[PDB]
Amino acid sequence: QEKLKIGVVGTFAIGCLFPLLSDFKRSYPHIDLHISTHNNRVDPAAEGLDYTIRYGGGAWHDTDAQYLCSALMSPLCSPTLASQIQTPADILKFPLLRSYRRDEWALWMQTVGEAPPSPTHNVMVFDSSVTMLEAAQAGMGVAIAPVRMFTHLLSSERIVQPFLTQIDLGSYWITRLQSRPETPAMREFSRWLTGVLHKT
């Protein structure tokens, strides 16, 4: 067995990778895959990772980055909050949930032709979209997050996407520190993942 150590942003692990892992096992049973999750703030060298799966723009320095898939974002909320939302302005009846990126709501509103929320609007800030969507399911506020990472919540009707409009503030990438040697197990995992994303 060849060891492969990968640190995966939790949102991607839950929303994409984990359901696909048995297919990886089918194709490459000889690889001993060690998966750990992170909240997108991670130091691969410190954790001794081979690969990091992360959300971003693909422009990390001293890093070999390969695009995995898009991460278009849109408002997401409980069916109960959705019942009170007919137009984008209605979102502001409720508190807003966002990531550590300060202008996500300003940018989405701007895109659909609305003014940004008031600087004193109730906002809660999340390190992980997984946690954010738990809060959204509870009706704590309206979230904005990568919709394709939450298909399980949409299909089970625990969350709703009230509007079609989506914005791109980043995608999912797999990255290797340029100083980290690329092994056969790494090449195989990377090929499998980019491949299986294209199929599905």
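All residue numbers are counted from 1 along the displayed sequence.
- In this entry, 187-195 shows the higher mean Cα temperature factor of the pair 13-21 and 187-195.
- Relative to one another, 157-165 and 55-63 have unequal mean CA B-factors, and 55-63 is the one with the higher figure.
- Ranked by Cα temperature factor within the chain, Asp32 sits in the middle third according to the deposited record.
- When the modelled residues of the chain are ordered by C-alpha B-factor, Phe94 sits in the middle third.
- Ranked within its chain, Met109 lands in the middle third, by CA B factor from the PDB record.
- The entry lists a Cα temperature factor for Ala45 that places it in the highest third of the chain's modelled residues.
- When the modelled residues of the chain are ordered by their C-alpha B factor, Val123 lands in the middle third.
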